[PDB]
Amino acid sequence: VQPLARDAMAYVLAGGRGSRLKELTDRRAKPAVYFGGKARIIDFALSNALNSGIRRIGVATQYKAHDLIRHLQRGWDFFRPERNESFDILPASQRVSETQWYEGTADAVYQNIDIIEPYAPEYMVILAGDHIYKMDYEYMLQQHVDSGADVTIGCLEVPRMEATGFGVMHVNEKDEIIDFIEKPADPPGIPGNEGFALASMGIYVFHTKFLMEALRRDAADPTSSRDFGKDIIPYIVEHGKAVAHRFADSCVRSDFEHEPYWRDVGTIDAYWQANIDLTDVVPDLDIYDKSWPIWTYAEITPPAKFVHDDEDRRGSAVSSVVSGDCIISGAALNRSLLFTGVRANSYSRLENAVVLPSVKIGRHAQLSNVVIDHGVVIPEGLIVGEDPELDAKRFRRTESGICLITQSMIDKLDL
């Protein structure tokens, strides 16, 4: 009768590079990347934990975590230990050991056992902190204890051709995992439905004392690369009992989401498309749902302003999403998503543009098919999206034509 999230501690791994996001993560880790005009990427796993009733959260950080920690400090600050809530920000530092470096995602939880065990949670929900998805974790916990499993793994059931980019769980008729392959060219199919492969989300449920034992065992193994997926996961499927849990059984979908929503926005094209899709009439992710809300760090911000309307000038937004503190001054917006603080100035135009917080758009500047990094000041009259060769030289251009624009690229500019 007691919900099991009472006794659970969610541990978010937020050291992920997002190196495939190129300059988008040169000054911040992928979990700190803004998304959706809504939150940072990490806020989803944290919000999933919170709405699932997990009141103990630890966050392991590493790669350039100042922005990330600064965000966690100010957004996730409403846990009080007298209420058996806790939010531990757990960077790598010269604390319990010199290093200043986690040996791997397993070592991120190893070095901080002395923070976990004073809480003594019954279960530990290990989460990747770099995906955008909503999911009730109480379903995984119940399946975990009922099945007697040694580890329950969150899995996407996706068509097999797309599963070639994932780590894939080979599974029997009982959804017990019997093998794990990293990025198979021909992924094993689900028995009885071979067109789909089970695709690891990086979400692992254990019994805490079990994980602590398996985790110290890995800390002493020199064969181990100190990775959950590559070391902890294979040992248990081989010697213990690992059961896959399918994302669709615990996904939390609003009435306006036609299918379970999951995005890893690993590439520039993936990130741009996941954001620009929200300007659809019927987007795949409902950012206006209040049933499974996404908590984030937010400030009181003035509303958005649209100014000028004559023969030469008009500030307006069509097929677009516009956050607060955005002054659209004589600028024409179309199929674009703007975070807070954007200043778009007269005669400028934005199209297919994902504009991160506090960007300025100078007069006459015209930008199409772009991701504009936080705080970029676009010079007056700059054209992006007309000349592919000149665009590829000046900025990071994907093969599909999306230009990522950072301030370091703008500083380097002439003709």
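Sequential numbering from 1, following the sequence displayed.
Annotation for 121-129 versus 201-209: the higher mean temperature factor (C-alpha) is found in 201-209.
Stretches 83-91 and 319-327 differ in mean C-alpha B factor, with the higher average recorded for 83-91. Annotation for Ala332, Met135, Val151, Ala298: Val151 ranks highest, by Cα B-factor. When the C-alpha B-factors of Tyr261, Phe256, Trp101, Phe339 are read from the PDB record, the largest value belongs to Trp101.
In the PDB entry, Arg40 places in the lowest third of its chain by CA B-factor. Ranked by Cα temperature factor within the chain, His66 sits in the highest third according to the deposited record. Compared with the other modelled residues of the chain, the Cα B-factor recorded for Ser225 ranks in the highest third. Ranked against the other modelled residues of its chain, the C-alpha B-factor of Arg160 as given in the entry falls in the highest third. Remark: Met9 belongs to the middle third of its chain, ranked by C-alpha B-factor as recorded.
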